[PDB]
């Protein structure tokens, strides 16, 4: 029936999977792609489900599995790359987190990433939703987050700073001067079997709306 490309504008994204050696699905194949377990439209027909299990395959340089979109440009053919000091770069994600690993109950659901590592990540640890940078907490978004709760998170990079909003309310203004940045959205499960989780434990979220904008 409906495909993820019918719910979200996937033109300028590529997908990394938690299987097949962390396979990438790029455009134009992504326009017609789904995976019944990891990347598909929900039963209600109004959001895309992203699932990554703790036993999944991982990308080179990470120990954690993902089912995650990586920002592209030019009809999805070129890698996005922008700077926090030139132009204005915005991502809005309207989503709900639906499942966490049992032992290390940690997931990431939105990032800015650069050539080397994450710049910021939207992170849920249990009921604690916060912005992480350099592996430490930068600001709380919600200290009482219940699974299944729809929220919006907006990230704006401009002027040598990064702003993060939660349901419209500014929660963080963070100085940062970095280039080679790009957005990510989906599910990045921060556990694996070495943490004590089972192979079939998983993180899962549902994205209802997703937008990236850029201005000079």
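Residue numbers count along the first chain shown, from 1.
Colleague: Mind pulling up the entry and telling me whether 65-73 or 170-178 has the higher mean Cα temperature factor?
Modeller: According to the entry, 170-178 carries the higher average C-alpha B-factor.
Colleague: Averaged over C-alpha atoms, is the B-factor higher for 56-64 or for 37-45 in this PDB entry?
Modeller: Going by the record's values, the stretch with the higher mean is 56-64.
Colleague: In the PDB entry, which of 90, 95, 81, 86 has its C-alpha at the highest B-factor?
Modeller: If I rank 90, 95, 81, 86 by C-alpha B-factor, first place goes to 86.
Colleague: So if I compare the CA B-factors in the entry for 206, 24, 21, 9, which one is the largest?
Modeller: Reading the PDB entry, the winner on C-alpha B-factor is 21.
Colleague: Going by the recorded CA B-factors, say which third of the chain residue 194 sits in, lowest, middle or highest.
Modeller: Answer is highest: the recorded C-alpha B-factor places it there.
Colleague: Comparing residue 128 with the other modelled residues of its chain, is its CA B-factor in the lowest, middle or highest third?
Modeller: Answer is highest: the recorded C-alpha B-factor places it there.
Colleague: For residue 104, does the deposited CA B-factor place it in the lowest, middle or highest third of the chain?
Modeller: For residue 104, the deposited C-alpha B-factor lands in the highest third.
Colleague: Relative to the other modelled residues of the same chain, rank the CA B-factor of residue 122 and answer lowest, middle or highest third.
Modeller: Within its chain, residue 122 is a lowest-third residue by C-alpha B-factor, going by the deposited values.
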